[PDB]
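Consider the single chain below, provided in structure tokens and representing the form solved without (2-chloroethyl)benzene (CEE).
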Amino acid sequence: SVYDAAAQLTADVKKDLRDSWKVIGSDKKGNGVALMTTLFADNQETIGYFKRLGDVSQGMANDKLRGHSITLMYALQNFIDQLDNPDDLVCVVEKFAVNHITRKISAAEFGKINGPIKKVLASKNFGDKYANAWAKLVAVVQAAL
């Protein structure tokens, strides 16, 4: 239930998400590409799903990957902005869930993004506390897959 998952976003969790996003969201291009490259490096079995982006090993030099990465960061910006209203958070989460359902991405595979999130957060001096907060947001999307 995406609704029960959304209920897990308590006051403390929402605060950690916002505080960490202020830093991470300030460089969408850089952190977005870092997130994607980390995903591909740590989970090579996921590269097949991104055939449309071409050679993802080119990282920032790949125009399609950069466009994709920047756009992905605005999906997260969207989620953060909807934290105040669960009804709105849910409808945007389901809209994005559809985009992945069509690509045949399961809740389990979507969850593979938690590893990269923790690593990027760590490189910015945000520990486990913050990685767990983000895992709860990711869990809302997983509930819709």
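Note that residue numbering begins at 1 and tracks the sequence as displayed.
Omitted here: the form solved in complex with (2-chloroethyl)benzene (CEE). The next part is about that form.
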Under a 4.5 angstroms heavy atom criterion, identify the one residue in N62, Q82, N31, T37 near (2-chloroethyl)benzene (CEE) in the bound PDB entry.
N31
Under a 4.5 Å heavy atom criterion, is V90 part of the interface with (2-chloroethyl)benzene (CEE) in the bound PDB entry?
no
Classify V13 as contacting or not contacting (2-chloroethyl)benzene (CEE) in the bound PDB entry by the rule of any non-hydrogen atom within 4.5 angstroms, answering yes or no.
no
Evaluate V56 for contact with (2-chloroethyl)benzene (CEE) in the bound PDB entry, applying a 4.5 angstroms cut-off between non-hydrogen atoms, and reply yes or no.
no
Would you check, heavy atoms only and a 4.5 Å threshold, whether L121 touches (2-chloroethyl)benzene (CEE) in the bound PDB entry?
yes
Within 4.5 Å of (2-chloroethyl)benzene (CEE) in the bound PDB entry, which residues of 1 to 36 have a heavy atom? Give them in sequence order, or say none.
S20, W21, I24, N31, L35
